[PDB]
């Protein structure tokens, strides 16, 4: 995989944001994870959704540099959102949320699952420590 620079435009919630990539503004969705919902009324405001948003928001608002890393399969989902592993100063946001028990590993679609085991191992640790979602 290869990392590429991006510019933060607006953090939406725990796992979705707007970034300037390749000169064009677009919304991104974190690969392999799911932070709780805060928008869609069908799900309503789920437990830890606000917490995840705030964590993602802080993490990325103070970053000197942001990079996006696409997996080996499709780069956008059906909603037109870019699918990537996103790093804030070399720290993978997808993994940081799972490690805190603020996201579960989800939507594992081959072949976009390169860092699946890494995330699995951090989710297991968050579970054993009874963190947030696992509390």
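Positions refer to the first chain, counted from 1.
Look at the C-alpha B-factors of 91 to 99 and of 36 to 44. On average they run higher in 36 to 44.
Of the two segments examined, 48 to 56 and 79 to 87, it is 48 to 56 that shows the higher average Cα temperature factor in the deposited entry. Looking at the C-alpha B-factors along this chain, the one for residue 22 belongs to the highest third. Ranked within its chain, residue 105 lands in the middle third, by CA B factor from the PDB record. Among the modelled residues of its chain, residue 115 has a C-alpha B-factor that falls in the lowest third, as given in the PDB entry.
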